[PDB]
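For reference, the structure is listed below as structure tokens.
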Amino acid sequence: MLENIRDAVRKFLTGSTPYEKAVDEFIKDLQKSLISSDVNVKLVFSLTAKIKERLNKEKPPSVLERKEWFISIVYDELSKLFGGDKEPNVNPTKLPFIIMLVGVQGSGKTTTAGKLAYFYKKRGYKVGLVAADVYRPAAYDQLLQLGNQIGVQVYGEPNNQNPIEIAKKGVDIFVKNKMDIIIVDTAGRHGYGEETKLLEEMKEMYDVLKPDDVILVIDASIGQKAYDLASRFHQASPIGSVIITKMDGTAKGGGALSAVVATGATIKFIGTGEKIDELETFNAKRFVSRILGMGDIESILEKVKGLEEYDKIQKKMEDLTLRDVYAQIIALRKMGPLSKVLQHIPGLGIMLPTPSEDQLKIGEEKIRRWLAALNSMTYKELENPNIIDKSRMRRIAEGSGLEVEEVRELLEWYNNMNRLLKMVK
């Protein structure tokens, strides 16, 4: 879908017909791909209805194109659709770590304990895999393969059908050799729609291993149906997490994702391909960020960010500052570097003493001037300008392309501003 929503935004940005029919048309193509992807039709409707509400309440910030503000709002929502902006903790801090893998049959389960193991080996952790998925006979000889293929030890007991026993003898052995990350691959006798019974079954492999983390592995081809199992699973424990696999093998990726997230779950990983290293951290906002163009969502995390560090910081000063301006200037620059931004960039000051209504200092071009310094400074210098003398002014100068006097002007303005903010009270 994301790749499809990418062509639906290109046709909305390129100002064809009016606005009002464009959004409609847009909305008519969002709703149609999402459903297509098997997302609950109750999620699809609260989205395109949450998108229009905001489009009626949140006019675009000056300098923003109407057609750019809408899209802007869309991603946001799409994000929230998939669990919104959150960056799961993937590097444990309680060594060693027991991660029990659980889920219905074939869910990219067995390759996931590979990738997973892999992922953690790459982060230089001593991992030990535990094959305890006895219902598929081929699941062991498969895990032993990957392990030897990624240099990770694998502990299994062929033919044996006692999972618990296996998981116990495995983990005990890997905590002995003093491993660091121990991943136990288990399975499940039931499928989707037999939730209760499935989870109940996991119970007796949980108590035995008393794992620090449990990971439900879902096949992205279950679409929104992964829902039931999800909700129930996330509740059943305070240490539950999920992985979404095979997203590149089903047009149902959105259903699984939109469904699971609906549960509030923590989708820590998401399987992308069939190669070992293909397992990415999962952070909705980024996952979606993968559609269209970085600088299309850019003014976004740049505006909100840029504006907060702005308004606030001025406040905090009124009640050693000089590094601030970077933030302020880096901010404006995020929103186009030409005047089309300065006009509504009334400046950092905020407003104070000044003749009549004409301002006091700067110029529109005085822009790649603020910048001047900044780079012409190390942090020590941006926190206590007073340590900026001769030698340093020259380095500063040359490093920006200006002449000593320029840094002097800059520094005298700064001081004039800091003297003001202070004065304020």
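We're sticking with Swiss-Prot numbering for chain A, so the shown stretch reads 1-319, 327-432, in order.
In case you wondered, yes, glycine gets a Cβ from its N, Cα and C as well.
Listed in Swiss-Prot:
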- 103-110, 185-189, 245-248: GTP binding site (BINDING)
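The binding-site residues considered are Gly103, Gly106; of these, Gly106 has the fewest other C-beta atoms within 10 angstroms of its C-beta. For the unresolved segment of 7 residues bounded by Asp319 and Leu327, the separation of the terminal Cα atoms comes to 12 Å. Neighbour counts of Cβ atoms within 10 Å were compared for the binding-site residues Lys109, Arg189, and the top value is held by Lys109. For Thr186 (GTP binding site), the same-chain residues 6+ apart in sequence whose C-beta sits under 8 angstroms from its C-beta are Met100, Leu101, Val102, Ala132, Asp133, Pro163, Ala167, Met202, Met205. Cβ neighbour count for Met247 (GTP binding site): 23 (other Cβ atoms within 10 Å of its Cβ, all protein chains included).
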